[PDB]
Structures are given as C-alpha cells and as structure tokens.
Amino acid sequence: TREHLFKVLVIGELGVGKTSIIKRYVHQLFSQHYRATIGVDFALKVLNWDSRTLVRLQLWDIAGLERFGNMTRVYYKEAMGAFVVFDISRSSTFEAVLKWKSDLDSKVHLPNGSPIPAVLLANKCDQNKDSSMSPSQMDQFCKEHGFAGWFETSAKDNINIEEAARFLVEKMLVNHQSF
C-alpha cells in the first residue's frame, strides 16, 4: 500500500455543524449540545481506499469566529482541500460561504497555482429548508464560485458525510498526479 496524507480544511460560520460532521465521520458520535470550538481543533481519519492504497486525512476544524481574526493564512497553508459548510436552517450562514471562499482562495493555492478543491456542505439537512436554492441553482452556484461539488448532509443522522468525504478524496488523488 502506498499511503497518502491530506490536510483537509473544514470552514464556515458559527454553529453551522463543522465539529459534529467531523466527530460523526471519525467517531460516529453526535451531540445536540453545542460547545463552541476554540481556535482550531484537529482530527485524524484513516481509510482504506482499496487493496493497493491507504489514505489518511488531517481534518482541520476551524472555528467560525476565526475568520474575523487574521490567523487564517496560517491554518490554511498547504491545504490539499476543504469543506465549506453552512446550515441549511440559517440563510445568513449561506451568504457567509463566499466570505470564507474568498479568504480561502486568496490565501492557498495548489502547487499548480490553481485553487484547491472545495466541496460545499449544506448541513443539518435533517431539519427544514431555508436558503431559497434548488439543486439546479446549487450547481450554478458551485459552477460560478469554484466549488467542486455540493452535498446535503446531516451529522445528526449520518446523511451524506461519507459520500462527500469520498468525492473530495477522489478530487485530491487526481491532483497528486499533477506534481
């Protein structure tokens, strides 16, 4: 087995679900109880991509506050890709994704100089739909602002977190054959 190791950013506004997405993916746990993340948290996901390949994900959990604090250049550096997350149940947090996206792209490139693969997550999809945004519009949105793709997810109920992880790993393994 060749082994890969990918730094993956998880970013987006406060209470949006970032920590819980990670905690689900890595430890299958969910709490309803909101503990605000303080600066940056970290987690490690190992997975068996196939017979021949192991990948290892460094998950960088970035407090939604930290975008007002000029430490983001430090956290982002040499990131291999990103989940940008918002809360389907709060339209304000969706408007925010373009703030976070700007920040990200203006401060981390691939080795090529191209922007890094970013996957948009519409989290808390187990509640009711607030952003006034059809699937065909998400695609237009992603297409316009340089997201690789998007996903409705729930850490509560384990919707779509696996599939999003794979979609992003797939993108980044392609990029490892470009350098």
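Residues carry their position along the shown sequence, with the first being 1.
Stretch comparison (39-47 versus 132-140) by mean CA B-factor in the PDB entry places 132-140 on top. Higher mean CA temperature factor between 81-89 and 68-76: 68-76, per the PDB entry. Sort the chain's modelled residues by C-alpha temperature factor and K171 lands in the highest third, per the entry. For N123, the recorded CA temperature factor ranks within the lowest third of the chain's modelled residues.
Ranked against the other modelled residues of its chain, the C-alpha B-factor of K99 as given in the entry falls in the middle third.
Residue-level temperature factors show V26 in the middle third of its chain, judged at the C-alpha atom. The deposited CA B-factor of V55 belongs to the highest third of values across its chain.
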